[PDB]
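> piece number one of the complex, untouched:
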Amino acid sequence: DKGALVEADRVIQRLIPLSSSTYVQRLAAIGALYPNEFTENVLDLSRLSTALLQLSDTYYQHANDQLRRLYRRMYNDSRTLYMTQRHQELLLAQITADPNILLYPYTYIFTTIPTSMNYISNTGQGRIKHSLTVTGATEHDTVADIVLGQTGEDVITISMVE
């Protein structure tokens, strides 16, 4: 998408669940939506699945109803390979170059890319120091009090004086 030349073996590096559990289907669904914002940070691969599962659980949890239905469509047609138009233009290119080539046949081109918010996803170490802005686009009206649970001294100690 950044326009760089890429030497990768195949235009899409995602797997297609030919036969899978429900969780694999939801993973494959959220993998074609490309929710993540670009990041240069190191990630912990060991828990990657969990992250991608949690991301999925949130993505569907607060997407607009049409995006929700789109996610559901992908989730049900897990055998189909969803992809952006430009991906398919790349496949057409490589087919016209080498007609004998075998590509996964069951594909669906997105006529329009989803407009979902990009998700920050730095799963590496370090706390975030948010600078809360005074105002934003969202308007609130009688929001319920958000109780904060007690935390252990193991997580955070509170000395009197820096």
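Looks like it came in fine. Numbering: from 1, shown residues only, chains lettered A, B, ... in the order given.

> Could you report the neighbour count for residue A:47?
By other C-beta atoms under 10 Å, the residues close to residue A:47 number 12. From N, CA and C alone the C-beta is placed, and that goes for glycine too.

> what's near enough to touch it?
residue A:123 (C-beta atoms under 8 Å, 6 or more residues apart in numbering).

> Please report phi then psi for it.
The phi/psi pair for residue A:47 (degrees, to the nearest 10) reads phi -110, psi 10.

> The residue positioned nearest the centre of chain A and residue A:108: what is the separation?
A centroid search over chain A (C-alpha atoms, centre = their mean) returns residue A:35, at 3.4 Å, as the residue closest to the centre. Remark: distance between residue A:35 and residue A:108 (C-beta to C-beta, to the nearest Å) = 18 Å.

> do residue A:17 as well
Residue A:17 is 15 Å from residue A:108, by C-beta to C-beta.

> Wasn't residue A:83 part of a strand?
Yes - secondary structure assignment places residue A:83 in a strand (DSSP: H, G, I helix; E, B strand; the rest coil).

> I'd like to know the beta-bridge partner residues of it.
Applying DSSP bridges to residue A:83 yields these beta-bridge partners: residue A:109.

> So what's the residue count around it?
19.

> Now stretch A:3-12: buried residues?
For stretch A:3-12, a neighbour-count test (16 or more other C-beta atoms under 10 Å) marks A:11-12 as buried.

> what sits up against that stretch?
Contacts of stretch A:3-12 (C-beta under 8 Å, 6+ apart): A:81, A:83, A:87, A:90-91, A:94.

> include chain B too:
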Amino acid sequence: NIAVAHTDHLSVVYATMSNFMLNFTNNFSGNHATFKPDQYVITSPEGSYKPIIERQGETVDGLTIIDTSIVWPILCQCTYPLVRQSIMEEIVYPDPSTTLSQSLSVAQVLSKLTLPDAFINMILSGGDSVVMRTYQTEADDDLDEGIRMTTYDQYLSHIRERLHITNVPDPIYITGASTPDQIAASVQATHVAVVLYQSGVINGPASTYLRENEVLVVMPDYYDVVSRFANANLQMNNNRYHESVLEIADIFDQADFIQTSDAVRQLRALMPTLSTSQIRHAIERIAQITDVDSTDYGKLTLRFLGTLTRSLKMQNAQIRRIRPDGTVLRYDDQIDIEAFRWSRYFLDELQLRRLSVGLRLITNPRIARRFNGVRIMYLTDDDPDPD
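The block that follows adds chain B to the chains above:
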């Protein structure tokens, strides 16, 4: 010494036996750390599921107790034909016909064995029923007319497990904000005119929908039913309803799940009220009528299988995996085999095909020579006619 006999000869014996007809399960993946057997069960919505594999205490004449010590003779005191030192004994390749024919004999003994029970269950497959109040919401409603409803406990006892068998999304809770259109989408998703009540109060159009479309509301209780509806007519009343039975056949209508032929319907309508002992007596009678002496191998197998107690409740039974956690999983394409999705009453395909013709015979008017009712009247019988 024995290694060549194992790796090079016995291995092929294993590879053949794995292909024998009745060796039907997957036994071991070769990885001890992770392997567990898939655990199917036969599962009645009525009775308890019966796992195919369990510690049921049947030693099978001591076969289930494993002596490991057997390895000692296999190593230190057994001969093998591959281990010659060299006589060169010729390898034996056993006739397929023997194991094949005994496998077939077993299979045919089994189908013939289950047949009468499968038949009676196919007939009574629609016969389970929930209690159903029908509140009247109009000035001139007949007792059958109104808003059908049932207790949630009935829904658990009968409707829910069958919905799990039919593999459809659970029926929507209705909150009184619900449109008749939402209700319609639910019913058309579950193929069953059922919705669960949640919070008051159901609105006018939704109630007219439930009435006109005979949707069955599932109330948690009947504590104050009329409070739950916004009855503009005020024709509804807590004391005005008709309690009545609702057959499952009158809810569900799946072709290989719940027999709902009007033939079978009227045939059941002819039946006297039935206990489980009555049904069992029927199966035993049919079996007594249609028992035929088996090939001698089959008699040996039935003798080996022990008494045919058949405690399992086979009504509407399906084959489903359970979680090791104990919950019964819905049938899943991409894991369970297609044969398992519907038991088809545990009848053969041809038997169903014939069964349809038979139903055409059984409801033929010419056969229907059992007559109901007589008119006592004192009259001269000049020129008699039977008719």
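
> quick recheck of the contacts of stretch A:3-12 now chain B is there?
If you take C-beta atoms under 8 Å, 6 or more residues apart in numbering or on different chains as the criterion, stretch A:3-12 is touched by A:81, A:83, A:87, A:90-91, A:94.

> And that stretch, how far out from the chain middle?
For stretch A:3-12, the gap between its own C-alpha mean and the chain's C-alpha mean amounts to 19 Å (C-alpha atoms, centre = their mean, to the nearest Å).

> now do the same end-to-end measure for that stretch.
Using C-alpha to C-alpha, to the nearest Å, the end-to-end distance of stretch A:3-12 comes to 16 Å.

> Repeat that for stretch A:16-24.
End-to-end distance (C-alpha to C-alpha), stretch A:16-24: 9 Å.

> and the nearest residue to residue B:345 once chain neighbours are set aside, helix, strand or coil?
Spatial nearest neighbour of residue B:345, chain neighbours left out: residue B:122 (3.9 Å); criterion: C-beta to C-beta, 6 or more residues apart in numbering or on different chains. Per three-state DSSP, the local secondary structure of residue B:122 is helix.

> Quick check: residue B:122 touching residue B:351?
No - the pair residue B:122 / residue B:351 is not scored as a contact, 9.3 Å apart, by C-beta atoms under 8 Å.

> For chain B, give me its nearest residue in chain A.
residue A:19 (4.4 Å; C-beta to the nearest C-beta).

> Can you classify that residue by secondary structure?
Quick answer, by three-state DSSP: residue A:19 is coil.

> mind checking how far it is from residue B:332?
10 Å.

> Those two: who's more crowded?
Legend: neighbour count by other C-beta atoms under 10 Å in any protein chain shown for residue A:19 and residue B:332, higher for residue B:332 (14 against 10).

> Is the more buried one located within a strand, as I assumed?
No - applying three-state DSSP, one finds residue B:332 to be coil, outside a strand.

> here's chain C, drop it onto the model above:
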Amino acid sequence: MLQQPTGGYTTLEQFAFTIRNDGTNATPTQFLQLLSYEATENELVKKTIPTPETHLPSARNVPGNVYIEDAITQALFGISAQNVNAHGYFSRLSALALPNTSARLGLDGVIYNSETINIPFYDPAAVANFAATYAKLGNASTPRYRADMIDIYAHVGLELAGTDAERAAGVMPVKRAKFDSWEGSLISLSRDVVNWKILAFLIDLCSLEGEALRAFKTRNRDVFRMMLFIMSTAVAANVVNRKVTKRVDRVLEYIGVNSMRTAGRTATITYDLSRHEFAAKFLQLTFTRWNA
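Following on from the chains above, chain C is added here:
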């Protein structure tokens, strides 16, 4: 020889296609009016159907008169057909493919190796145009020539369920068919269709051209759609009934989606894998001819 009319052979009353319905011989079109649809969130997008292979499988040296119509209809519609590619007699259509062959395709649906007395048959030219495509049923199972059995069903749905707008778009929601039904409806529909003299339909589909072919394609669209309906019920993932106030609505979900099921069921006919390969090939050829 029965000469083909200026219209198709289907214009002749001898080849009326009708399904029994409400105690009458209903035309298929007036059955399809009973059909109704419930869109799901899911979508069918029709892809281009790959061009059928040029290769006509060689007719084997077969002494006998093959009953081709029976084989084809039973493969597409038969309640009990199985292993339809093992016997391999569809290749026989290729015998009719030759110019000036001694073979005749009888109205019986049999493939006589020689013209024989008191057996009426289709005009050999039209049959040649027909066989030149449909002999390729004879390689429905050979691996190099197997049709896609997944994507093609989209077209089925489009030609069946599709509204004129959805058909122009080339995409439609995956729908779920439904109609008020008598007991054993789909089985009876399938048997009423297996009795059809569909060779008339295919012969006219392959032989006609220009205005005649177009008029054929409109006059016979509902016939084709009935065949598509039987076929789709054979591949529908499930087929439920619904109570609807002392009426029963048969419902097959879903149109245009081959579930690849091979387990039998009482409700409808079932495709074994071979029947799937055959139906896939048939739909490839027939949809190819249907668009031109």
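
> again for the contacts of stretch A:3-12, since chain C is there now?
A:81, A:83, A:87, A:90-91, A:94.

> try stretch B:272-286
B:116-117, B:119-120, B:124, B:127, B:313.

> Any of the contacts of stretch A:3-12 buried? List them.
A:81, A:83, A:87, A:90-91 (16 or more other C-beta atoms under 10 Å in any protein chain shown).

> nearest to residue C:271, of these?
Set against residue C:271, the nearest of the buried ones among the contacts of stretch A:3-12 by C-beta to C-beta is residue A:81 (25.3 Å).

> which residues touch the nearest residue to that closest one once chain neighbours are set aside?
Once flanking residues are discounted, residue A:81 sits nearest to residue A:107: 4.3 Å by C-beta to C-beta, 6+ apart. For residue A:107, the contact set (C-beta under 8 Å, 6+ apart) comprises A:80-83, A:88.

> Residue C:256 too?
So residue C:256 contacts C:44, C:153-154, C:156-158, C:160-161, C:172, C:174-175, C:232 (C-beta under 8 Å, 6+ apart).

> which residues sit against stretch B:359-371?
By C-beta under 8 Å, 6+ apart, stretch B:359-371 touches B:261-264, B:266-267.

> Check stretch A:62-76 too.
By C-beta under 8 Å, 6+ apart, stretch A:62-76 touches A:25-26, A:28-30, A:32-33, A:59-60, A:80, A:82, A:114-116, C:41-43.

> give the contact list for the closest residue to residue C:263 other than its chain neighbours.
Excluding the flanking residues, the one nearest residue C:263 by C-beta to C-beta, 6+ apart is residue B:338, at 3.6 Å. Residues counted as contacts of residue B:338 (C-beta under 8 Å, 6+ apart) are C:261-263.
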